[PDB]
file data-v6.cif (mmCIF, C-alpha atoms (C1' of nucleotides))
data_entry
#
loop_
_atom_site.label_atom_id
_atom_site.label_comp_id
_atom_site.auth_asym_id
_atom_site.auth_seq_id
_atom_site.Cartn_x
_atom_site.Cartn_y
_atom_site.Cartn_z
CA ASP F 1 33.15 -9.49 24.32
CA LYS F 2 36.48 -8.10 25.58
CA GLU F 3 37.14 -5.20 23.19
CA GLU F 4 34.49 -5.44 20.47
CA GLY F 5 31.74 -4.47 22.91
CA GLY F 6 30.13 -7.90 23.12
CA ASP F 7 27.71 -8.26 20.20
CA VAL F 8 27.93 -11.79 18.80
CA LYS F 9 25.52 -11.70 15.85
CA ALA F 10 27.12 -8.51 14.52
CA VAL F 11 30.60 -10.06 14.41
CA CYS F 12 29.05 -13.22 12.95
CA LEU F 13 27.40 -11.63 9.93
CA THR F 14 30.37 -9.29 9.41
CA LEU F 15 32.78 -12.23 9.26
CA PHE F 16 30.38 -14.06 6.95
CA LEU F 17 30.15 -11.08 4.58
CA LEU F 18 33.94 -10.79 4.57
CA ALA F 19 34.39 -14.50 3.80
CA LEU F 20 31.72 -14.16 1.10
CA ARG F 21 33.29 -11.13 -0.56
CA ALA F 22 36.49 -13.17 -0.48
CA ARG F 23 34.72 -15.29 -3.08
CA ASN F 24 33.81 -11.94 -4.69
CA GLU F 25 30.10 -12.81 -4.83
CA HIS F 26 27.29 -10.26 -4.94
CA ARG F 27 24.19 -12.45 -5.23
CA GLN F 28 24.58 -14.16 -1.85
CA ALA F 29 25.77 -10.94 -0.20
CA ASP F 30 22.68 -9.02 -1.32
CA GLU F 31 20.46 -11.95 -0.33
CA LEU F 32 21.78 -12.09 3.23
CA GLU F 33 21.69 -8.29 3.48
CA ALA F 34 18.01 -8.32 2.51
CA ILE F 35 17.29 -11.17 4.93
CA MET F 36 19.13 -9.67 7.90
CA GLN F 37 17.68 -6.23 7.18
CA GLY F 38 14.09 -7.26 6.48
CA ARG F 39 13.45 -6.07 2.93
CA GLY F 40 13.36 -9.14 0.68
CA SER F 41 12.06 -12.69 0.88
CA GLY F 42 9.68 -11.91 3.71
CA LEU F 43 7.22 -9.10 4.36
CA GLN F 44 7.14 -6.71 7.29
CA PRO F 45 4.11 -6.98 9.61
CA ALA F 46 2.90 -3.52 8.57
CA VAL F 47 3.05 -4.56 4.91
CA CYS F 48 0.98 -7.71 5.34
CA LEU F 49 -1.35 -5.73 7.61
CA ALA F 50 -1.94 -3.21 4.82
CA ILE F 51 -2.49 -6.09 2.39
CA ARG F 52 -4.98 -7.78 4.71
CA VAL F 53 -6.90 -4.56 5.40
CA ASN F 54 -6.96 -2.98 1.92
CA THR F 55 -8.17 -6.29 0.42
CA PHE F 56 -11.04 -6.85 2.86
CA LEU F 57 -9.54 -10.12 4.07
CA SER F 58 -11.11 -11.59 7.18
CA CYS F 59 -8.84 -12.76 9.97
CA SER F 60 -9.98 -16.36 9.44
CA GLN F 61 -9.47 -16.10 5.69
CA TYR F 62 -6.03 -14.55 6.16
CA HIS F 63 -5.06 -17.28 8.63
CA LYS F 64 -6.17 -19.92 6.11
CA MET F 65 -4.06 -18.31 3.38
CA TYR F 66 -1.07 -18.00 5.71
CA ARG F 67 -1.36 -21.64 6.77
CA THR F 68 -1.66 -22.84 3.17
CA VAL F 69 1.34 -20.81 1.99
CA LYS F 70 3.49 -21.94 4.92
CA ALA F 71 2.53 -25.58 4.34
CA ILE F 72 3.08 -25.68 0.57
CA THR F 73 6.05 -23.34 0.19
CA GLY F 74 7.72 -24.13 3.51
CA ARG F 75 8.90 -20.52 3.89
CA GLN F 76 7.12 -17.90 5.99
CA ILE F 77 6.20 -15.13 3.56
CA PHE F 78 3.63 -13.54 5.91
"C1'" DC T 1 41.61 29.47 20.20
"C1'" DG T 2 44.51 24.47 18.51
"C1'" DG T 3 48.64 19.77 20.49
"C1'" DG T 4 48.30 13.93 21.41
"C1'" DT T 5 46.01 9.45 20.43
"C1'" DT T 6 43.73 6.13 18.49
"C1'" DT T 7 39.51 5.47 14.52
"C1'" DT T 8 38.10 5.57 9.45
"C1'" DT T 9 39.68 5.05 4.72
"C1'" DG T 10 40.85 5.78 -0.10
"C1'" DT T 11 44.76 4.46 -2.17
"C1'" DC T 12 49.72 2.59 -3.29
"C1'" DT T 13 50.71 -2.21 -5.12
"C1'" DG T 14 50.10 -5.61 -9.38
"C1'" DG T 15 47.84 -10.34 -9.88
"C1'" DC T 16 43.49 -14.22 -9.00
"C1'" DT T 17 38.01 -14.63 -9.44
"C1'" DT T 18 32.74 -14.16 -11.34
"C1'" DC T 19 30.07 -11.68 -13.67
"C1'" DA T 20 29.52 -8.22 -17.94
"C1'" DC T 21 28.87 -7.49 -22.77
"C1'" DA T 22 28.03 -7.50 -28.80
"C1'" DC T 23 24.15 -9.67 -31.92
"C1'" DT T 24 19.56 -12.57 -33.78
"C1'" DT T 25 14.09 -13.79 -34.24
"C1'" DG T 26 10.43 -16.24 -32.86
"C1'" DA T 27 8.10 -16.96 -29.41
"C1'" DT T 28 6.57 -16.37 -24.54
"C1'" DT T 29 5.34 -13.75 -20.76
"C1'" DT T 30 3.79 -9.37 -18.31
"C1'" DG T 31 1.71 -4.86 -18.12
"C1'" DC T 32 -1.72 -1.86 -19.07
"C1'" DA T 33 -5.73 0.51 -21.45
"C1'" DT T 34 -10.87 -0.10 -22.36
"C1'" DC T 35 -16.12 -0.87 -21.59
"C1'" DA T 36 -20.89 -1.27 -19.56
"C1'" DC T 37 -22.46 -1.21 -15.37
"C1'" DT T 38 -22.51 -1.36 -9.63
"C1'" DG T 39 -23.52 0.71 -4.33
"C1'" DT T 40 -24.26 4.09 -0.57
"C1'" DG T 41 -27.88 7.75 -0.91
"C1'" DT T 42 -34.66 4.81 1.76
"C1'" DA T 43 -40.30 7.83 7.32
"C1'" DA T 44 -42.59 11.57 9.05
"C1'" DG T 45 -44.12 16.43 9.49
"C1'" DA T 46 -46.41 20.97 7.88
"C1'" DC T 47 -50.43 22.99 5.73
"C1'" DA T 48 -54.74 23.97 3.19
"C1'" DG T 49 -59.42 22.55 2.31
"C1'" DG T 50 -64.10 20.38 2.47
"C1'" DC T 51 -67.32 18.92 5.86
"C1'" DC T 52 -70.83 18.52 9.35
"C1'" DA T 53 -71.87 19.67 14.48
"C1'" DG T 54 -73.02 22.29 17.38
"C1'" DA T 55 -73.02 26.71 19.17
"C1'" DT T 56 -74.83 31.67 17.78
"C1'" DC T 57 -78.31 34.40 16.68
"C1'" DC T 58 -83.47 35.85 14.52
"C1'" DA T 59 -88.22 36.53 14.88
"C1'" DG T 60 -93.41 34.92 15.83
#
call {"tool": "encode", "arguments": {"input": "data-v6.cif", "output": "structure tokens"}}
result
Amino acid sequence: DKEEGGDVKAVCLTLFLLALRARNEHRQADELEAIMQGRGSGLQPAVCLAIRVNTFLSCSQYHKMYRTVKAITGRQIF
DNA sequence: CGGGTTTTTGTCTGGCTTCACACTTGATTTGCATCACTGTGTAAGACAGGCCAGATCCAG
């Protein structure tokens, strides 16, 4: 917070990417980049909105599907 | 119109990873084209024509 402005999460993921590249890995690096950016392993709200609308899903139906996926998989895809 | 002072970076430098890259063939798994059909088209209004009724007219 003294000289680097004061953003904690930024320094955190930067140090993690540096320590990861130290191990010269690309798989994990790309995974965390996609997670932190919001492009892989998890849909944007507009994307799931388009899916729910263009497939005629009811709100109740969509909630049922969301609940089932979250219960079985354990990871929030929608 | 271009001098100071940190940012922003590709290297120099050579030596350690973790993935990349030739071949099979028999499956196994995805991806995509094809075919006979579907729904949404969904109540009233204008006009001519036959028919008596009753008004319009005729003549003893």
call {"tool": "closest_residue", "arguments": {"input": "data-v6.cif", "among": "F:24, F:68, F:58, F:14", "to": "chain T", "atoms": "only C-alpha atoms (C1' of nucleotides)"}}
result
F:24
call {"tool": "closest_atom_pairs", "arguments": {"input": "data-v6.cif", "of": "chain F", "to": "chain T", "cutoff": "12 Å", "atoms": "all atoms listed in the file", "output": "Markdown table"}}
result
| residue | atom | partner | partner_atom | distance |
| --- | --- | --- | --- | --- |
| F:21 | CA | T:17 | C1' | 10.6 |
| F:22 | CA | T:17 | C1' | 9.2 |
| F:23 | CA | T:17 | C1' | 7.2 |
| F:24 | CA | T:17 | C1' | 6.9 |
| F:25 | CA | T:18 | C1' | 7.2 |
| F:26 | CA | T:18 | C1' | 9.3 |
| F:27 | CA | T:19 | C1' | 10.3 |
call {"tool": "resolve_selection", "arguments": {"input": "data-v6.cif", "expression": "the PyMOL selection byres ((chain F and resi 41-50) around 12)", "output": "PyMOL selection string"}}
result
chain F and resi 30-40+51-59+62-63+65-66+70+75-78
call {"tool": "atom_distance", "arguments": {"input": "data-v6.cif", "atom1": "atom CA of residue 69 of chain F", "atom2": "atom CA of residue 28 of chain F"}}
result
24.5 Å
call {"tool": "atom_distance", "arguments": {"input": "data-v6.cif", "atom1": "atom CA of residue 19 of chain F", "atom2": "atom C1' of residue 7 of chain T"}}
result
23.2 Å
call {"tool": "atom_distance", "arguments": {"input": "data-v6.cif", "atom1": "atom CA of residue 71 of chain F", "atom2": "atom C1' of residue 29 of chain T"}}
result
27.9 Å
